[PDB]
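Notes follow the structure.
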Amino acid sequence: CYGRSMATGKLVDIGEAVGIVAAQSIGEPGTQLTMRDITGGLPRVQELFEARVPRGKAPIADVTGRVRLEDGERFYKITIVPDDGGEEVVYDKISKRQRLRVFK
Amino acid sequence: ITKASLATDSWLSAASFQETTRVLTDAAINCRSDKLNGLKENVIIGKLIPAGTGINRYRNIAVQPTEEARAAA
Amino acid sequence: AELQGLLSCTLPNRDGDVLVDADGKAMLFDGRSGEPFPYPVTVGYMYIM
Amino acid sequence: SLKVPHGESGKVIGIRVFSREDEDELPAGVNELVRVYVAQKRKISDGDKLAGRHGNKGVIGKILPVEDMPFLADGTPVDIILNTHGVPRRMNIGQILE
Amino acid sequence: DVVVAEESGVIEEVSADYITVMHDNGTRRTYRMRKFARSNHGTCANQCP
Amino acid sequence: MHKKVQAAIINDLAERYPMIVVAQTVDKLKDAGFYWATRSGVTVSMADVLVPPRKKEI
Amino acid sequence: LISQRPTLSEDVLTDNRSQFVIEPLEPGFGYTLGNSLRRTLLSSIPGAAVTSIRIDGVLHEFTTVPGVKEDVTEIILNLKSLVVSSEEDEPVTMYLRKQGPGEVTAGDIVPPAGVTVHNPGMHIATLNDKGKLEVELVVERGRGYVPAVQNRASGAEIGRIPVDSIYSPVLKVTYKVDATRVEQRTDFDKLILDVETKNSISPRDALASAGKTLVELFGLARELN
Amino acid sequence: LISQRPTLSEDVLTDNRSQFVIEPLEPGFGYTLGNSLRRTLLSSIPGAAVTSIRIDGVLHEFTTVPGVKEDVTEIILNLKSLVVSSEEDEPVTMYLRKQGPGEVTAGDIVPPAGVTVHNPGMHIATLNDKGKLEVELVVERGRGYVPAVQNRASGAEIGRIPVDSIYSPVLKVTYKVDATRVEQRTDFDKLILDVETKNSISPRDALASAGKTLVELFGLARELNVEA
Amino acid sequence: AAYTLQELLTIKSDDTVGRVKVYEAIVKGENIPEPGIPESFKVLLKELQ
Amino acid sequence: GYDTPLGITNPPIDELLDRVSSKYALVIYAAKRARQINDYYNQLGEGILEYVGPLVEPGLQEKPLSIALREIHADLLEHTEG
Amino acid sequence: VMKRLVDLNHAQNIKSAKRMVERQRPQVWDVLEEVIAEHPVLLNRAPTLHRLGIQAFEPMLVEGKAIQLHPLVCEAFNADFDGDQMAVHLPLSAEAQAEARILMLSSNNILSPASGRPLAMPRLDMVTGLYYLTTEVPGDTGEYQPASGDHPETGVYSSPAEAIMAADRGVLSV
RNA sequence: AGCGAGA
Ligand SMILES: [Mg+2]
Ligand SMILES: [Zn+2]
């Protein structure tokens with residue numbers, strides 16, 4: 001399931017500590033991992049592995065449905081009528097300055 | 001990652017990691033017993049890591065010549 | 001520009017021969033093999049420590 | 001007894017014997033403080049660090065005999081040979097100009 | 001780190017250890033060199049006229 | 001032999017051939033590379049740094 | 001076919017510099033031969049240099065003689081530029097006494113029989129009214145560069161001050177070739193070897209010694225036959 | 001007097017291929033002697049090789065000879081790498097000829113007295129459909145590698161086309177030095193020569209000849225003041 | 001690489017009893033003994049206690 | 001082709017890995033064999049004991065572990081994994 | 001080395017041997033060459049950002065005070081020669097020596113454990129030399145020309161050896 | 001304990 005050992009070039013052994021190898025391989029490109037508000041650098045990596053709610057939390061689609069975005073500066077309201085379901089949900093405080101991610 | 005690490009079943013490793021005082025207090029209150037199965041622990045107490053050349057299939061290989069080799073003697 | 005101009009006039013060392021051309025590079029002989037290096041090489045005086 | 005620490009050697013330039021017996025201002029308790037000055041003349045060799053004035057540093061890989069050195073058409077051997085690859089991307093062509 | 005004449009004059013007698021200079025008005029002054037004194041970082045503090 | 005092509009060659013060599021051969025080949029490659037870099041005639045001089053003639057107009 | 005071995009004709013430009021023309025040589029061979037000679041002249045020419053000195057009123061090289069204007073270290077540096085030639089393997093000693101004001105130059109040494117100083121005007125030091133510089137030097141035969149031996153190497157006591165020594169007189173060797181490289185392939189190489197020595201031995205002698213050294217090794221190569 | 005005596009050994013790899021190893025040598029004489037041996041082995045040992053050739057029916061067209069499979073260039077190549085030894089300095093001539101289909105080999109050429117071929121069983125050319133081939137070789141002896149000499153005469157020999165001449169027997173000499181006994185001996189150098197030569201002469205004898213010519217060559221330098 | 005790690009952290013660094021033993025084994029040419037418990041773990045035990 | 005290795009890289013490891021399942025197995029295998037032969041040499045002075053070896057003509061000055069590796073190369077040993 | 005020079009009888013006993021070594025007596029260099037042979041050593045360069053920060057080499061004696069590193073492993077250490085200081089460790093136990101000789105040997109670790117791209121690949125100088133060697137420059141000396149009617153192509157050569165021998169002459173460019 | 005420095 002792990003797959004091929006990248007270093008040895010063949011299948012892994014039955015005692016390899018793939019965990020340490022993994023972690024060190026993630027960390028090695030530090031520093032040379034530079035940057036150019038939602039983070040995008042080493043802080044962003046840290047956030048991803050820290051499960052921290054990102055600063056630029058863009059809303060995501062929850063249930064398939066026609067959208068009824070309303071206009072609120074820093075507080076865009078976003079209604080979505082569920083295709084099958086229950087009740088459309090409006091998002092009281094969403095940042096206007098963002099730009100809606102393209103869809104189909 | 002931090003929480004996952006600090007939720008391990010090994011107080012000697014969590015203590016080695018971070019925020020020593022709290023982890024020891026918790027483990028003490030729980031009378032927690034560490035089974036010494038990870039790598040950091042085996043390093044700390046100085047016995048062989050259970051990885052690579054240390055696991056129980058290679059660590060105790062039996063090596064001997066062949067009966068033909070004994071005949072060569 | 002002044003460096004180029006000065007480097008053009010580099011009055012000869014002891015006999016009539018200018019070891020460094022206008023570009024600032026000279027032809028260097030290989031000490032080991034002996035054959036001259038195929039291309040001229042930047043040579044000069046550096047103040048190192 | 002005071003012995004030369006490991007990895008040291010050279011000439012004994014000066015020895016100073018500041019003693020309480022000589023009524024020197026020794027700190028309370030010592031009766032005789034002696035300082036020996038050892039000097040060594042260090043010559044250049046592999047591992048020593050040289051550098052110009054434009055951040056072009058480096059340790060000495062080797063010290064070749066003068067014979068197997070690139071020598072100009074007139075027969076003057078060069079003294080040093082820096083690497084070209086370090087100049088452009090370190091962006092310090094001042095040395096070249098120098 | 002370098003000895004500078006305090007007042008004008010003619011060098012009367014100079015040696016490796018000291019320089020005695022005769023000033024323009026009778027008086028003479030002697031600067032004593034510092035020979036191979038150890039510096040704070042183990043380097044040499046030699047002075048020579 | 002761009003560095004990319006060298007990398008591809010060494011990758012294929014390691015995939016196919018045993019590691020010891022890879023080491024020997026890499027070492028021979030280093031030797032030849034140093035020798036021919038010495039002969040390559042790559043040096044930096046002000047004259048070799050050519051400014052673009054159209055700079056002022058731009 | 002060449003069917004014609006080379007020959008070496010000398011011409012002399014000055015007392016200590018000369019040129020040697022070797023011709024005819026096989027095509028693309030002069031560079032190799034000239035480089036071989038040059039490297040010989042630059043490594044293995046048996047020389048002779050001061051190997052250890054001693055000043056009467058000095059115990060080590062990091063001090064100063066009263067009256068003398070130069071440190072002992074400056075004096076060793078000045079001596080190290082001396083050029084001498086000896087005739088015997090055994091270490092020889094030669095003295096240098098000067099008192100009172102004056103310039104102590106290389107012409108003031110009293111070389112014993114055999115050894116001689118070739119540059120009397122070299123400035124060793126200068127003195128004043130109170131200075132008294134008495135130094136005995138040791139000259140020894142050898143080759144190449146050798147670091148100064150230590151006081152613990154031999155029985156010399158304290159006063160001995162070993163000095164680095166450079167046993168070689170070759171000042172500068174260069175060569176140039178002008179190959180014909182005709183279209184009819186009657187090619188040959190003429191090698192012009194310019195040799196400059198420091199007046200210790202004429203370039204003729206240096207070239208002869210280099211030829212001897214080489215023919216030894218190549219005669220070994222022939223003896224494989 | 002030299003404190004250490006150089007010693008020349010040799011490891012033998014094939015019938016004509018060998019690793020010569022001379023140790024120890026005063027530092028640095030590995031290069032001093034090695035570059036010389038390489039160049040001399042390559043460009044001093046006398047030999048013989050085909051200098052020019054002509055083919056019947058080949059006058060102005062150098063693309064393909066009729067009646068043969070191999071075109072002009074390939075036969076030029078094969079003649080070029082035809083090992084031969086000669087004794088008479090002047091350019092001798094040889095005549096190869098074969099009629100009918102088959103496989104023409106070097107062993108088929110008839111040599112005059114004084115010139116010998118050291119590889120009769122070498123494939124030169126192919127004939128088919130009752131074809132006939134005749135080839136005339138102008139061959140002398142020389143040294144080194146002489147590029148193709150353009151014919152000085154214009155019409156004297158129209159058929160005789162020049163070919164590059166590989167006079168030297170030794171094929172490939174490559175040298176490297178190493179740095180034995182850094183401490184006890186103060187880093188003496190040892191030379192490893194690798195010599196590959198054709199079957200004309202064994203590598204050892206080739207070196208013996210090279211060493212002899214270097215002896216005589218530096219005898220010029222030694223001659224000036226022998227008592228040095 | 002596990003055995004070399006244990007060797008390093010136990011008998012090269014800390015183990016006060018094994019250390020003289022490995023020195024003895026090296027001097028006399030015997031097999032390197034088995035590593036013991038590093039002496040820092042016990043100071044930790046005493047401090048926690 | 002792998003022209004003959006010279007020092008610590010002789011015998012070639014990739015050849016050795018055929019005799020075993022994993023590199024770690026080779027490490028332990030060679031280390032235990034080397035320990036065995038080193039003890040054999042140490043105890044040769046006293047009366048003979050169960051330890052045996054070497055099975056390959058050793059170099060005059062050659063360390064036990066390289067002897068063991070030379071043995072391993074020629075399939076002169078057997079082992080059982082835990 | 002003490003053990004070996006007591007075995008070789010250069011010293012009578014251990015303490016005499018220790019005295020022998022503490023003054024670096026001339027006889028104790030040859031024995032040193034004997035002992036170091038076939039004894040792997042690890043070379044670490046702090047920081048060890050990844051697994052290839054520590055590799056085992058076979059040590060060899062060099063004159064002066066400076067660990068002579070192999071250039072091709074420079075990238076693996078990210079160690080570049082302007083005053084980096086590389087620590088050396090010496091395995092002792094049979095297991096440790098096997099581990100160093102087998103798992104850690106520099107020649108056994110070519111491909112990165114991260115992305116598998118070769119890490120002993122030539123670079124900087126070597127890559128430039130090879131680029132110069134293997135590149136093609138039209139219009140160079142000794143080029144191929146298929147012209148006929150007056151002479152053959154005069155671009156072909158019997159064997160590579162012939163090509164090198166021509167390049168030695170000022171005829172064929174590389 | 002405090003300073004300064006190399007990578
Ligand atoms: Mg650095
Ligand atoms: Zn699975």
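Going through the structure tokens in order, the chains are called A, B, and so on, while each chain numbers its residues from 1 and the ligands are numbered from 1 in the order shown.
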Residues of chain K within 9 Å of chain G, using only C-alpha atoms, as a ChimeraX atom specification?
-> /K:168-170
Filtering to C-alpha atoms, could you give me those residues as a PDB file, in the first residue's frame?
ATOM      1  CA  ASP K 168      45.475  15.613 -31.016  1.00  0.00           C
ATOM      2  CA  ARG K 169      46.634  17.200 -34.246  1.00  0.00           C
ATOM      3  CA  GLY K 170      45.179  20.605 -35.009  1.00  0.00           C
TER       4      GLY K 170
END
Please check which protein, DNA or RNA residues sit within 10 Å of ligand 2, counting only C-alpha atoms (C1' of nucleotides) and all ligand atoms, and write them as an mmCIF file with N, CA, C and O atoms, in the first residue's frame.
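Below is the file part.cif, written as the result:
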data_model
loop_
_atom_site.group_PDB
_atom_site.id
_atom_site.type_symbol
_atom_site.label_atom_id
_atom_site.label_comp_id
_atom_site.auth_asym_id
_atom_site.auth_seq_id
_atom_site.Cartn_x
_atom_site.Cartn_y
_atom_site.Cartn_z
ATOM 1 N N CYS A 1 0.826 -1.198 0.000
ATOM 2 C CA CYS A 1 0.000 0.000 0.000
ATOM 3 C C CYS A 1 0.861 1.249 0.000
ATOM 4 O O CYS A 1 0.529 2.241 -0.657
ATOM 5 N N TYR A 2 1.969 1.227 0.741
ATOM 6 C CA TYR A 2 2.847 2.387 0.741
ATOM 7 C C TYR A 2 3.402 2.632 -0.652
ATOM 8 O O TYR A 2 3.416 3.771 -1.124
ATOM 9 N N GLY A 3 3.820 1.580 -1.333
ATOM 10 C CA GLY A 3 4.336 1.678 -2.678
ATOM 11 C C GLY A 3 5.835 1.464 -2.733
ATOM 12 O O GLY A 3 6.442 0.838 -1.863
#
So which residues are near ligand 1, meaning at most 7 Å away with only C-alpha atoms (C1' of nucleotides) and all ligand atoms counted, given back as a PyMOL selection string?
-> (chain K and resi 79-84) or (chain L and resi 7)
Kindly export the residues of the current selection with N, CA and C atoms (P, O5', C5', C4', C3', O3' and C1' of nucleotides), as a PDB file, in the first residue's frame.
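After the write, out-v9.pdb holds the following:
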ATOM      1  N   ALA K  79      26.816  21.235   1.256  1.00  0.00           N
ATOM      2  CA  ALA K  79      28.028  21.708   1.910  1.00  0.00           C
ATOM      3  C   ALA K  79      28.943  22.299   0.856  1.00  0.00           C
ATOM      4  N   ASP K  80      29.199  23.607   0.950  1.00  0.00           N
ATOM      5  CA  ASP K  80      29.909  24.335  -0.091  1.00  0.00           C
ATOM      6  C   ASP K  80      31.156  25.021   0.482  1.00  0.00           C
ATOM      7  N   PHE K  81      32.280  24.857  -0.228  1.00  0.00           N
ATOM      8  CA  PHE K  81      33.620  24.950   0.393  1.00  0.00           C
ATOM      9  C   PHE K  81      34.075  26.392   0.573  1.00  0.00           C
ATOM     10  N   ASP K  82      33.573  26.972   1.645  1.00  0.00           N
ATOM     11  CA  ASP K  82      34.016  28.294   2.119  1.00  0.00           C
ATOM     12  C   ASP K  82      33.925  28.392   3.646  1.00  0.00           C
ATOM     13  N   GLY K  83      34.276  27.307   4.340  1.00  0.00           N
ATOM     14  CA  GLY K  83      34.400  27.378   5.771  1.00  0.00           C
ATOM     15  C   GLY K  83      33.322  26.634   6.524  1.00  0.00           C
ATOM     16  N   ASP K  84      32.709  25.677   5.854  1.00  0.00           N
ATOM     17  CA  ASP K  84      31.826  24.737   6.514  1.00  0.00           C
ATOM     18  C   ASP K  84      32.712  23.804   7.323  1.00  0.00           C
TER      19      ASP K  84
ATOM     20  P     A L   7      30.441  32.726   7.113  1.00  0.00           P
ATOM     21  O5'   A L   7      29.807  31.278   7.093  1.00  0.00           O
ATOM     22  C5'   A L   7      30.549  30.210   6.548  1.00  0.00           C
ATOM     23  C4'   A L   7      29.904  28.894   6.862  1.00  0.00           C
ATOM     24  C3'   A L   7      28.475  28.731   6.387  1.00  0.00           C
ATOM     25  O3'   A L   7      28.380  28.427   5.007  1.00  0.00           O
ATOM     26  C1'   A L   7      28.671  27.965   8.610  1.00  0.00           C
TER      27        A L   7
END
Record the distance separating atom CA of residue 218 of chain H and atom CA of residue 215 of chain G, expressed in Å with one decimal.
->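 About the pair atom CA of residue 218 of chain H and atom CA of residue 215 of chain G: they are 5.7 Å apart.
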At a cut-off of 10 Å, can you tabulate as CSV every residue of chain J near chain B together with its closest atom pair and the distance in Å to one decimal, using only C-alpha atoms and ordering rows by chain then number?
residue,atom,partner,partner_atom,distance
J:22,CA,B:58,CA,9.5
J:23,CA,B:53,CA,8.9
J:24,CA,B:53,CA,5.2
J:25,CA,B:58,CA,5.8
J:26,CA,B:58,CA,9.1
J:27,CA,B:53,CA,7.5
J:28,CA,B:58,CA,6.6
J:29,CA,B:63,CA,6.5
J:30,CA,B:63,CA,8.9
J:31,CA,B:63,CA,9.7
J:32,CA,B:63,CA,6.7
J:33,CA,B:63,CA,6.7
J:36,CA,B:64,CA,9.1
J:51,CA,B:64,CA,9.3
J:52,CA,B:65,CA,8.4
J:53,CA,B:65,CA,8.5
J:54,CA,B:65,CA,9.7
J:55,CA,B:69,CA,7.1
J:71,CA,B:65,CA,9.5
J:75,CA,B:66,CA,9.2
J:76,CA,B:65,CA,6.4
J:77,CA,B:65,CA,4.5
J:78,CA,B:64,CA,5.8
J:79,CA,B:63,CA,4.6
J:80,CA,B:62,CA,5.4
J:81,CA,B:61,CA,4.9
J:82,CA,B:57,CA,4.2
Counting only C-alpha atoms, the option among F:51, F:46, F:37, F:32 closest to residue 39 of chain C |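 Of the candidates, the smallest distance to residue 39 of chain C is held by F:37.
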Show which residues sit within 9 Å of segment 41-45 of chain I, as JSON, numbers by chain. Count only C-alpha atoms (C1' of nucleotides), and ignore same-chain residues fewer than 2 positions away.
-> {"B": [44, 45, 46], "I": [37, 38, 39, 47, 48, 49]}
Identify all chain C residues at most 7 Å from chain D by counting only C-alpha atoms; ligands do not count. Present them as a ChimeraX atom specification.
-> /C:19,27-32,46-49
Take the residues that were just selected and, keeping C-alpha atoms, output them as a short mmCIF file (atom, residue, chain, number, x, y, z; two decimals), in the first residue's frame.
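Written output follows (out13.cif):
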data_model
loop_
_atom_site.label_atom_id
_atom_site.label_comp_id
_atom_site.auth_asym_id
_atom_site.auth_seq_id
_atom_site.Cartn_x
_atom_site.Cartn_y
_atom_site.Cartn_z
CA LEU C 19 50.36 39.49 -22.54
CA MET C 27 46.36 32.87 -23.57
CA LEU C 28 47.48 30.58 -20.75
CA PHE C 29 49.68 27.50 -21.10
CA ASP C 30 48.67 24.38 -19.18
CA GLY C 31 51.37 23.45 -16.69
CA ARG C 32 50.52 19.76 -16.64
CA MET C 46 43.60 40.69 -7.37
CA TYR C 47 44.10 41.93 -3.83
CA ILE C 48 43.14 39.02 -1.58
CA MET C 49 43.51 38.39 2.11
#
Contacts of segment 31-39 of chain E within 10 Å, only C-alpha atoms (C1' of nucleotides), excl. fewer than 6 positions in-chain, as a list in words =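 Counting only the stated atoms, we get residues 13, 14, 37 and 39 of chain D; 2, 3, 4, 5, 6, 14, 15, 16, 17, 18, 19, 20, 21, 45, 46, 47, 48 and 49 of chain E; 62, 63, 64 and 71 of chain G.
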Restricting the output to N, CA, C and O atoms, write the selected residues as a CSV table (one decimal), in the first residue's frame.
chain,number,residue,atom,x,y,z
D,13,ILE,N,58.5,33.1,23.3
D,13,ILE,CA,58.9,34.4,23.1
D,13,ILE,C,59.3,35.1,24.4
D,13,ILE,O,60.4,35.6,24.6
D,14,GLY,N,58.4,35.0,25.4
D,14,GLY,CA,58.6,35.7,26.7
D,14,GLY,C,57.9,34.9,27.8
D,14,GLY,O,56.9,34.2,27.6
D,37,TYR,N,54.6,33.1,26.9
D,37,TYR,CA,54.2,33.5,25.6
D,37,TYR,C,54.8,32.6,24.6
D,37,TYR,O,56.0,32.5,24.5
D,39,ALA,N,54.7,31.6,20.6
D,39,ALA,CA,54.4,32.2,19.3
D,39,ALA,C,54.7,31.2,18.2
D,39,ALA,O,55.7,30.5,18.2
E,2,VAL,N,49.6,53.3,14.8
E,2,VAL,CA,50.6,53.8,14.0
E,2,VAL,C,51.2,55.1,14.6
E,2,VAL,O,50.4,56.0,14.9
E,3,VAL,N,52.5,55.1,14.8
E,3,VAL,CA,53.2,56.3,15.5
E,3,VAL,C,53.2,57.4,14.5
E,3,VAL,O,53.7,57.3,13.4
E,4,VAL,N,52.8,58.6,15.0
E,4,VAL,CA,52.8,59.8,14.3
E,4,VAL,C,53.6,60.9,15.0
E,4,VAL,O,53.4,61.0,16.3
E,5,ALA,N,54.5,61.6,14.3
E,5,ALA,CA,55.3,62.6,15.0
E,5,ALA,C,54.4,63.7,15.5
E,5,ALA,O,53.5,64.2,14.8
E,6,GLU,N,54.6,64.0,16.8
E,6,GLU,CA,53.7,65.0,17.5
E,6,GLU,C,54.1,66.4,17.0
E,6,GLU,O,53.2,67.2,16.8
E,14,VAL,N,67.5,56.8,15.2
E,14,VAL,CA,66.4,55.9,15.1
E,14,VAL,C,67.0,54.5,15.2
E,14,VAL,O,68.1,54.3,14.7
E,15,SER,N,66.4,53.6,15.9
E,15,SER,CA,66.7,52.2,16.0
E,15,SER,C,65.5,51.4,15.9
E,15,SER,O,64.4,51.9,15.9
E,16,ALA,N,65.6,50.0,15.9
E,16,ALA,CA,64.5,49.1,15.8
E,16,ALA,C,63.5,49.3,17.0
E,16,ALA,O,62.3,49.0,16.8
E,17,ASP,N,64.0,49.8,18.1
E,17,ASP,CA,63.2,49.9,19.3
E,17,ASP,C,62.6,51.2,19.6
E,17,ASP,O,61.6,51.4,20.2
E,18,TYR,N,63.3,52.3,19.1
E,18,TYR,CA,62.9,53.7,19.4
E,18,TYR,C,63.4,54.6,18.4
E,18,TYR,O,64.3,54.3,17.6
E,19,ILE,N,62.7,55.8,18.4
E,19,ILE,CA,63.1,56.9,17.5
E,19,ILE,C,63.2,58.1,18.3
E,19,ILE,O,62.2,58.6,19.0
E,20,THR,N,64.4,58.7,18.4
E,20,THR,CA,64.6,60.0,19.0
E,20,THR,C,64.8,61.1,18.0
E,20,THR,O,65.7,61.0,17.1
E,21,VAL,N,63.9,62.1,18.1
E,21,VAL,CA,63.8,63.2,17.1
E,21,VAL,C,64.1,64.5,17.8
E,21,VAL,O,63.6,64.7,18.9
E,45,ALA,N,51.6,42.9,17.7
E,45,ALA,CA,51.4,44.3,17.7
E,45,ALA,C,52.8,45.0,17.4
E,45,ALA,O,53.2,45.9,18.1
E,46,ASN,N,53.5,44.4,16.4
E,46,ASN,CA,54.8,44.9,16.1
E,46,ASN,C,54.7,46.3,15.4
E,46,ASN,O,53.9,46.6,14.6
E,47,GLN,N,55.7,47.2,15.8
E,47,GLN,CA,55.9,48.5,15.2
E,47,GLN,C,57.3,48.6,14.8
E,47,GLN,O,58.2,48.1,15.5
E,48,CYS,N,57.6,49.2,13.6
E,48,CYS,CA,58.9,49.4,13.1
E,48,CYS,C,59.0,50.8,12.5
E,48,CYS,O,58.1,51.2,11.7
E,49,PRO,N,60.1,51.5,12.7
E,49,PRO,CA,60.2,52.8,12.2
E,49,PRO,C,60.4,52.8,10.6
E,49,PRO,O,60.8,51.8,10.1
G,62,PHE,N,62.4,36.0,17.1
G,62,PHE,CA,61.3,37.0,17.4
G,62,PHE,C,61.7,38.1,18.3
G,62,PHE,O,60.9,38.7,19.1
G,63,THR,N,63.0,38.6,18.1
G,63,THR,CA,63.5,39.6,19.0
G,63,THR,C,64.3,40.6,18.1
G,63,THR,O,64.2,40.5,16.8
G,64,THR,N,65.0,41.6,18.7
G,64,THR,CA,65.7,42.6,18.0
G,64,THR,C,67.1,42.8,18.5
G,64,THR,O,67.3,42.7,19.7
G,71,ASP,N,64.3,44.0,12.4
G,71,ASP,CA,64.1,42.9,13.3
G,71,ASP,C,64.9,41.7,12.8
G,71,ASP,O,65.4,41.7,11.7
Chain A contacts to chain I at 12 Å (only C-alpha atoms) as an MDAnalysis selection string = chainID A and resid 15:17
Quick one: write out the picked residues with N, CA, C and O atoms as a PDB file, in the first residue's frame?
ATOM      1  N   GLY A  15      10.794  -3.164   7.565  1.00  0.00           N
ATOM      2  CA  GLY A  15      11.203  -2.456   8.767  1.00  0.00           C
ATOM      3  C   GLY A  15      11.468  -0.978   8.561  1.00  0.00           C
ATOM      4  O   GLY A  15      11.814  -0.272   9.512  1.00  0.00           O
ATOM      5  N   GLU A  16      11.305  -0.496   7.332  1.00  0.00           N
ATOM      6  CA  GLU A  16      11.580   0.901   7.041  1.00  0.00           C
ATOM      7  C   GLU A  16      10.659   1.809   7.843  1.00  0.00           C
ATOM      8  O   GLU A  16       9.451   1.579   7.931  1.00  0.00           O
ATOM      9  N   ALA A  17      11.246   2.849   8.434  1.00  0.00           N
ATOM     10  CA  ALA A  17      10.481   3.871   9.143  1.00  0.00           C
ATOM     11  C   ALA A  17      10.061   4.952   8.147  1.00  0.00           C
ATOM     12  O   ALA A  17      10.637   6.034   8.057  1.00  0.00           O
TER      13      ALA A  17
END
Counting only C-alpha atoms, chain K residues within 12 Å of chain B, as a PyMOL selection string | chain K and resi 95-96+98-99+102-103
Run DSSP on the backbone and grab whatever in segment 102-162 of chain G lands in strand (DSSP E); send it over as a PyMOL selection string.
-> chain G and resi 102-105+116-117+123-127+132-142+144-146+161-162
Could you list, as a PDB file with C-alpha atoms, in the first residue's frame, every residue of chain A that has an atom within 7 Å of an atom of chain K, counting only C-alpha atoms?
ATOM      1  CA  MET A   6      11.804   6.258  -3.715  1.00  0.00           C
ATOM      2  CA  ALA A   7      15.407   5.949  -2.511  1.00  0.00           C
ATOM      3  CA  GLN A  24      11.971  14.904   6.803  1.00  0.00           C
ATOM      4  CA  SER A  25      11.073  15.041   3.127  1.00  0.00           C
ATOM      5  CA  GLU A  28      13.682  19.651   3.789  1.00  0.00           C
TER       6      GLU A  28
END
Please identify every residue of chain H that has at least one atom no more than 9 Å from any atom of chain G, counting only C-alpha atoms, and report them as a PyMOL selection string.
-> chain H and resi 6+8+26-29+31-33+35-36+39-40+43-44+89+141-144+146-147+149-150+152+204-205+207-228
Test item: residues at most 12 Å from residue 57 of chain J, only C-alpha atoms (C1' of nucleotides), excluding those fewer than 4 positions along its chain, as a PyMOL selection string = chain J and resi 53+61-62+64+66-68+70-71
Between atom CA of residue 202 of chain G and atom CA of residue 91 of chain G, what is the spacing in Å?
-> 23.6 Å
For the atom pair atom CA of residue 86 of chain G and atom CA of residue 45 of chain G, what is the interatomic distance in Å to one decimal place?
-> 13.6 Å
Long-range neighbours of residue 140 of chain G as a PyMOL selection string, 12 Å cut-off, only C-alpha atoms (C1' of nucleotides), 3 positions minimum in chain = chain G and resi 46-53+84-94+115+137+143+146+163-167
Would you save the residues from that selection as a short mmCIF file (atom, residue, chain, number, x, y, z; two decimals), in the first residue's frame, using C-alpha atoms?
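New file again-v2.cif:
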data_model
loop_
_atom_site.label_atom_id
_atom_site.label_comp_id
_atom_site.auth_asym_id
_atom_site.auth_seq_id
_atom_site.Cartn_x
_atom_site.Cartn_y
_atom_site.Cartn_z
CA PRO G 46 70.44 20.60 -7.06
CA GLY G 47 70.98 23.88 -5.25
CA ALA G 48 72.42 25.29 -2.05
CA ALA G 49 71.00 27.82 0.38
CA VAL G 50 71.47 29.05 3.92
CA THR G 51 69.87 26.42 6.14
CA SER G 52 70.43 27.92 9.60
CA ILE G 53 72.03 31.06 10.99
CA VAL G 84 75.21 31.19 -2.98
CA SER G 85 76.84 28.14 -4.55
CA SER G 86 78.75 25.47 -2.62
CA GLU G 87 81.13 22.73 -3.71
CA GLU G 88 80.90 20.18 -0.86
CA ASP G 89 77.98 18.16 0.46
CA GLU G 90 79.01 18.70 4.08
CA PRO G 91 77.46 21.73 5.82
CA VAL G 92 79.81 24.70 5.60
CA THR G 93 79.81 27.74 7.89
CA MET G 94 80.53 31.31 6.84
CA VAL G 115 81.40 28.49 -1.20
CA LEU G 137 75.41 31.14 8.61
CA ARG G 143 67.31 20.30 -4.04
CA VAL G 146 62.63 22.09 2.46
CA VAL G 163 65.63 29.02 8.41
CA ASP G 164 63.59 27.86 5.45
CA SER G 165 65.74 27.02 2.45
CA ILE G 166 65.15 27.09 -1.31
CA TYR G 167 67.68 24.93 -3.20
#
